[PDB]
Amino acid sequence: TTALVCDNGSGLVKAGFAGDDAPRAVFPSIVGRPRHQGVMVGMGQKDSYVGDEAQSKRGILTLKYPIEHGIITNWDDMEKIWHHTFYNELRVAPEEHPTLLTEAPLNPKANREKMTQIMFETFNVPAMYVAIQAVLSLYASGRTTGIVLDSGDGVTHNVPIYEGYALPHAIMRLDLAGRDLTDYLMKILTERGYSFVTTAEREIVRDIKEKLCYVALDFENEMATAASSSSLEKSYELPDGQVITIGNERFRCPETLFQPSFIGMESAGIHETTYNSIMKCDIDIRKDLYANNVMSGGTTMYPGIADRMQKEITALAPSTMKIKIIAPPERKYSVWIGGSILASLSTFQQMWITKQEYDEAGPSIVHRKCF
Amino acid sequence: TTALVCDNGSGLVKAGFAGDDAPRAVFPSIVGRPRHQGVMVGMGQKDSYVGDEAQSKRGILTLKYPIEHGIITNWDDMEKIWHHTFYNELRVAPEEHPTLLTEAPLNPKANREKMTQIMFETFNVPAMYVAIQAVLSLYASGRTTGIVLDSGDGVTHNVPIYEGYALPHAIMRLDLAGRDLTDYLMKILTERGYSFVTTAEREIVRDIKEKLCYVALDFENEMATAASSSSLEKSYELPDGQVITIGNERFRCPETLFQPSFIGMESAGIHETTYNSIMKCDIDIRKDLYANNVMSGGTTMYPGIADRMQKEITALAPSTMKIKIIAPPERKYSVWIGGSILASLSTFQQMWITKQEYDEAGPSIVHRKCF
Amino acid sequence: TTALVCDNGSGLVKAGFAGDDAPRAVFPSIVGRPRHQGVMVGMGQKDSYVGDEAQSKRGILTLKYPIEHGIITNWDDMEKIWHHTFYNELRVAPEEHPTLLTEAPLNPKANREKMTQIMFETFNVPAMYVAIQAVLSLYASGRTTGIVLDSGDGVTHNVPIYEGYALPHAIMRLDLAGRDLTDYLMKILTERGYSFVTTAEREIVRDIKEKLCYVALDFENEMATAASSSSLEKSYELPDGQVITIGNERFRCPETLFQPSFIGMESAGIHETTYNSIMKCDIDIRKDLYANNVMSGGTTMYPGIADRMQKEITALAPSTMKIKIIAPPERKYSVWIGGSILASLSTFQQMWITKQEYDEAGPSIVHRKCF
Amino acid sequence: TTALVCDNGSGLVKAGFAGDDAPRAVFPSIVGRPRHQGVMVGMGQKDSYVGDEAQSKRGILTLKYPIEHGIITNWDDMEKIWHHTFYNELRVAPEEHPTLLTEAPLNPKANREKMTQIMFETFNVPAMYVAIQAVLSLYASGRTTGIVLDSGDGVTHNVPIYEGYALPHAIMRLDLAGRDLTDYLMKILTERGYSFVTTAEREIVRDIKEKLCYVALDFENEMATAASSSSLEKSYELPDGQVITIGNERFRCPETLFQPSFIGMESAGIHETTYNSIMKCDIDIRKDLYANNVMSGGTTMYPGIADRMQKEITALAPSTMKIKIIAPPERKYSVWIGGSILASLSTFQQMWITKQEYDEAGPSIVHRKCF
Amino acid sequence: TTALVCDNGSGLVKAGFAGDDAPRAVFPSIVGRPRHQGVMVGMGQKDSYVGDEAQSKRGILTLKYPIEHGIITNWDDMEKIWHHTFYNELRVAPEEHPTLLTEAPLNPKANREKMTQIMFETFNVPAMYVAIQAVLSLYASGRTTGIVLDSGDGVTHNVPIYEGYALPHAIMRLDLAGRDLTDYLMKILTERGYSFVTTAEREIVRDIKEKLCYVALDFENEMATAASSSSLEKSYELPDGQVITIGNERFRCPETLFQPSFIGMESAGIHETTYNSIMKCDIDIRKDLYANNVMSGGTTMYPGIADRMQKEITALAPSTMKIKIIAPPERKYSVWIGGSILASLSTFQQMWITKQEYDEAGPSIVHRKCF
Ligand SMILES: Nc1ncnc2c1ncn2[C@@H]1O[C@H](COP(=O)(O)OP(=O)(O)O)[C@@H](O)[C@H]1O
Ligand SMILES: Nc1ncnc2c1ncn2[C@@H]1O[C@H](COP(=O)(O)OP(=O)(O)O)[C@@H](O)[C@H]1O
Ligand SMILES: Nc1ncnc2c1ncn2[C@@H]1O[C@H](COP(=O)(O)OP(=O)(O)O)[C@@H](O)[C@H]1O
Ligand SMILES: Nc1ncnc2c1ncn2[C@@H]1O[C@H](COP(=O)(O)OP(=O)(O)O)[C@@H](O)[C@H]1O
Ligand SMILES: Nc1ncnc2c1ncn2[C@@H]1O[C@H](COP(=O)(O)OP(=O)(O)O)[C@@H](O)[C@H]1O
Ligand SMILES: [Mg+2]
Ligand SMILES: [Mg+2]
Ligand SMILES: [Mg+2]
Ligand SMILES: [Mg+2]
Ligand SMILES: [Mg+2]
């Protein structure tokens, strides 16, 4: 049967069938519950909503993400999300289809173990596999050598790979991503008098961020330009028809990727983390890593982020090293695309964790068979 | 057995059987007692009259409303009114029929408790329920989303509802309604020399208000027009054949709904209260609330009130928000119609307060089972 | 035992038994005493005569009415009249029969008190009651709603009643009646040279008034007609065979009912008093009062008085109000007829003032039990 | 020039010059016309009399009040009264003197308009102003906070004022005053056999009321005392030397102020109206209103009325609220005194309606410039 | 010269001279305007009132707070309030005195900019500074380490400070404070039939809240106790002498601080917000933050709030962490006291924004010099 691929990200579920070129089910990994008084009977209204229904009814619901920082924190809501993905979005019987899952590196192993247990015992899949997202992204690029910067929401991580060999000691992880950016934007929007507090307003601010925010090539020059003139100001219409105008916040928001101190984090910026990951690697592969910086994830979709990244890594790296940033279109889905490629490889069909192997070894099997 | 529905309003009793499309008993919630010397014996004249008999004999009686501002203030007369409703108007035995009652929101809970106690112990109904009028009105509209402006006499209230969920913190109540309008009309009619003092004359003035008063689309322009010409003047014939002519009073009377200061109230107008109720609600539902302003009650029957309301809420709300006022015909009875729909719903048959539950918990049960 | 009914009017005693359709004793409430020298002995002639004997012997007697303006002014002669009524006319023992008396409204209460005392202590009746004449007249009409214009001699009064309830504040009394008319006719008859001075001549003039006088529909037109031609002149034969011819005096006499200024009174006419009584009443009952103007008493027996009254009240009342004058035949006796009906009502048998109650409370009891 | 002040009351004209401490012209607002045959020529007798001449000649005249219930009903006689006031009593040329008039609240605006027109076009005054009587009374008290009970004849009204701000929505008016009391006394005097019918006899009864009537502190106890003993009976000598004795009528007459039902009115008593006026006002000012109940007008001059009022308002108001009744001597004239104070204020000289403003705007100007 | 300190809170102005131990001017930051008809001239009454005069005359005024949620929304009324503070309360010339102002964190920067502009251009102060209130409160405690919970009306905020260093990323703000509590109390008081609608009645309800409300140590146990017995019921006397009895409302009102859902807010309670602020901070300082929870503001003055806070934070925090709540007396004024200490520090005299610096850089200077 055709394998399932579910890139169960912190913010969005990307799910589909292996061999397809894009996921057919993309929806927020969010579960919503009503927070207000139900007064009208006979309406068949439910006590829990998931995905696009939660977004549509968000004004009446409290929205909660069961996965935070790439770590599943609410297993009942995660099970509800997976059940939705299988039965309502894909409209498939999971017991027929091998399912390829994925997770960020340096994650708690109990998360992987419980994922395997739920997949095998609740949804009764015949086979399962858990891949590291950056490896799938590198699969999607068609390459075998490169350092992948994957950044969705929740977690940002770098994985250097050379000739198909990963350097796990050089893997670097940063718990700073699109959700932290959304929260920071909510914070700084208070400077202009716009107050966004609720989770639905957090979704509104996320939409604002996606639509209007961009990465400054030179942060101080852009700040001076915004102080000088209104040329950078943009207007956004709220769901109730109220219009807000956003200025330097547009690039101050993503700047926290390069200056995590804006949100009080001591961590080095994304560029310095990439450079340090490269420098932890053997000297001989660094040139090829410099030329194959692969960007992945939704938070790499900010306009100008590739140019800024190239500039900073060029400033860090020795002269005459050829810094190249590969930021292809549709890199939002590169993890899922690589998962589809991998799951459809003939050589991969022996890598699956089978129901038999799980019945023998239990959920510990993932630590043996999965990277 | 078929459930009874009694919309026990401050001015009118609307009563009937669930499943019917209209109440079969509509009469004033008024009790009249003779105020003059009874000289002729053998006439079988009674010491108390209720409803239409009180209206017909009003010239000899003192008329009193047992319910004021949606609050029952005279429980003996209210009991007499309910007894009339059951035995003389509906001609039914209340002990056979579940009775759905209703009341305005933010009412004293002792009123609901005493209502339940009287229903269960005096009329010995098998089951009872107390619904909020605006929810019933929304039921009558066939909708599940909207902000209901209900205005009879005694109380005006707004209840926002989205997807069947009420926002009680956004519920707004205004103790300004048709009875205050009737009193104000009585006051301003003195300007032309017409003196109405007695309760029967208050009923006469109420009839004048119902027949001739209307809402100006632009109050100052209408005032200028009335000063300029007699085109707006209308004549009304009193019961004794005396003819009175009414001019700008026609629209000054209902204008107090939009300018409560005319009667010394500090409250904002009906339109500003609706807008504030909307703005207290979550930003995401405001658009749908703007499009589903449902008008209910007799005091929403003034000609032009819907257009005025749309104009004012459009002036308040952001541009490009689609303000729509749903003022259907027969909105006098929308509360009762919704009560009939609700009482006849299969899913509602478990919501009833049973005589058993009352015998266990006492009159406090309504606070648990009723919204 | 069968109750007695005595309509003790100022001019005529109307007495009989309750349940009968007419009084069997009708005679003038007059006491006559000889004013001339008694020369023949052995004749058994009496020193006092009452009623029809006084009328027959009037030429030798001085005639005095013990009741003036509805007020008993000579209690010894009133006692003689009552004794005559009981023992000689009805030929009954008063101690066996409850006696219903009546009086005009707004009378001195001492008159009622002394009446009660005389009835209980002199004639020793077992029970007694004092009714207001207009209420009895309304009883006789078979109605329960209407404004009664009662006019005998002595007093004219209006009592509005609606649904059995009297409006005492709207009760109006006018001390202008048939005796004032008789005196005015005596005055104006001097214009043609006819001098009537004595009390017996006053009785003659009363007979002239009763037989020949009428109410002009339009007073000025009738005056012009009488000036133009003799068509309106009528002849009357005096007891001594002298013939007198009467012209415009025929309608000038009763015109004083509508123009009391003819006798120097400042009071408004009978029609204006009826209208003012109606207008003092609640607006809601005025229409029914307009349609139920009940005329009662001997001075309402003038030909054309009903048409004149309808014309004037129509001129006063608003157009489209249906003015109706109920002037039934035998309205001379309507007060007595109503008294008979009332006294024979089963529900009235508890209204009697008993000898026991009088022995307890004294003559003050009437103010408590009687309207 | 010195301003004129004319408190044109329903019963009495109080007129004088601003700055004086009392009106120099006090006379009845009454016009008398002869009702009898003028037989003697060469006597120079007039066809119309006004004020004190009408009172002196009242026995020959029909007396009419051109103002009823505070409303001018006969403008020709009102013009005659004003002409008398100006030319014969004050002996002044009105075209030289600004004239401050006053009227009861909630009066027909046409009355004020016609007053202004007559003042400006007939008497050609240079300036005019119409003040509300209770405000002037409060001016006379020297206060700026209080609820004024003004009661002359025709109209009784309450005006609450706090810190110079009136609460017009709490203004209450009652068309029950000294003339209704005089009529009721005329009615009940018939109980003792005293008949007063004519307008001159109405003036006699008014004098009786003023001299002998008083307010019972406890009505039922006084009734029992009057029934028990003659101690409360008083004698009054009529103009013809006839002596009448009055008993409980003395306090039954003014009791109608507290029990309007005695004359068939449905209205609450004077005390309940004052309390309701207070309770219609903002909670924060009620304490100061309770302590500053100002009594004004001739019908507040009954002995004991202040004590009765204090007792009743104390019975109504919460305990520990300090009820105080300010009933100063000469409160008959407090309205005029306040008018004099106001008219002589420097700050008021801009409030006048000038002949120029009237020539521009016409009689409508009063509705703009006058409260 | 001595520096001025003005803690311009949302509800109360606390103003005084630096170096003093308490503010000498404490009055409500409220501006009142008359809403009723001014009828009495010559009284010198003003069109606007501020502070204690507005409170005293509140029954005639409409009261408006120019600052809402710590944000100045009406700059003209705020200017009037500051002018009052300087000239009438402190009776000082502001151009002579450096003025230290303060505001809540995460406020719009335009509010601070306009404050600076008004201070420098309208009141022409020589120097100015804007401090964050919680830092001043920590100054008042004498500490340099701690997490300050400041709650007046309008805004509640937490600021963690360690060794004089603030963690702005851990600063948390909640727009739920005493005014929301007052509104909620007004809402729930309707359950017992007490209706408070007007702004003056809102002030009455605020006084009720301050006097009678308290924080339950265990909310459900207190609810059960209130249901069981009247022991918790308290009586309050309204200004008009009406007495109201309050029961479980006493602790339901402040419970909304711990359960914001009572007013429909999605926010976590005050205790959970404090814990989350601590947990956002570096692990090493959390122990000292746990031991130095400083409570500030008027809404921290509820009896039992400190014990409840300690209980909840102990329930949240790990065992053996020493939770300590520092709720000193006079914490109403701790912000002002700290401002006085800071303004009187020698080292602070270089921190002032001078008129020179403002004339150079304009109102943007505050963003540079002020935290
Ligand atoms: N055009 C855009 N610009 C900036 N950020 C974006 C854009 N589109 C999506 N994002 C961000 O990408 C994140 C989701 O990326 P995704 O790869 O789905 O992460 P995950 O794998 O954790 O679900 C969201 O936090 C969203 O705000
Ligand atoms: N055509 C009309 N125009 C204006 N007002 C009306 C009209 N018909 C009824 N009303 C008013 O509606 C009120 C009664 O409405 P209703 O919904 O019965 O209120 P309740 O539920 O309190 O009885 C009355 O006060 C009446 O004056
Ligand atoms: N046909 C008539 N036309 C005019 N007047 C009449 C007629 N018959 C009787 N009357 C008058 O009616 C009066 C008696 O009416 P009555 O009802 O007996 O009065 P009372 O009740 O006072 O006795 C007399 O004054 C008499 O003149
Ligand atoms: N001593 C008194 N006792 C009772 N009533 C009085 C007394 N003096 C005057 N009145 C009444 O006061 C009324 C006149 O009061 P006034 O203030 O002149 O009224 P207005 O302003 O309408 O003329 C009269 O009706 C009179 O009967
Ligand atoms: N004893 C008390 N109990 C409860 N609340 C109080 C008490 N005293 C004052 N308050 C509340 O504190 C608030 C004012 O506190 P304050 O520190 O002045 O706030 P701000 O700084 O915003 O003016 C008011 O909303 C008031 O209701
Ligand atoms: Mg991702
Ligand atoms: Mg209704
Ligand atoms: Mg008769
Ligand atoms: Mg007066
Ligand atoms: Mg504060």
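Values below: all heavy atoms of this structure, side chains included; hydrogens, waters and symmetry mates excluded. Every chain is numbered from 1 and lettered A, B, ... according to where its sequence line falls, protein lines coming before strand lines.
To the nearest 0.5 Å, the span separating CG on B:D284 from CD1 on A:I60 amounts to 10.5 Å. Expressed to the nearest 0.5 Å, how far NZ of A:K57 lies from OH of B:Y165 amounts to 7.5 Å. The distance from atom CE of B:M321 to atom CD of A:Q242, rounded to the nearest 0.5 Å, is 11.0 Å. Distance check, rounded to the nearest 0.5 Å: OG1 of B:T347 to CE of A:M40 gives 11.0 Å.
Of the candidates B:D282, B:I283, B:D288, A:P239 forms a side chain to side chain contact (heavy atoms under 4.5 Å, CB included) with just one, namely B:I283.
The 12-atom threshold is exceeded at NZ of B:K355, counting heavy atoms of other residues, nucleotides or ligands nearer than 6.0 Å. Dense packing is recorded around NZ of A:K80, with more than 12 heavy atoms of other residues, nucleotides or ligands lying under 6.0 Å away. With a 6.0 Å radius and a threshold of 12 heavy atoms from other residues, nucleotides or ligands, B:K280 has its NZ atom at or below the threshold. Residue B:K287 places its NZ atom among 12 or fewer non-hydrogen atoms of other residues, nucleotides or ligands, all under 6.0 Å distant.
Of the atoms belonging to B:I132, not a single heavy atom falls under 4.5 Å from chain A. For B:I161, the part lying under 4.5 angstrom from a heavy atom of chain A is the side chain only. Only the side chain of A:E237 comes within contact range of chain B, with heavy atoms under 4.5 Å apart. Within the 4.5 angstrom heavy-atom criterion, atoms from both the backbone and the side chain of B:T144 approach chain A.
Counting only distance, with no hydrogens or angles, the side chain of B:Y139 and the backbone of A:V41 share a donor-acceptor pair below 3.5 Å.
What you find for A:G241 and B:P318 is that their closest heavy atoms are O-CB, 3.5 Å. Scanning both residues, A:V39 and B:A166, for their nearest heavy atoms gives CG1-CB, 3.4 Å.
Residue with the most contacts toward chain A among B:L138, B:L136, B:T320: B:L138 (heavy-atom pairs, distance under 4.5 Å). Residue with the most contacts toward chain A among B:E163, B:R286, B:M279: B:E163 (heavy-atom pairs, distance under 4.5 Å).
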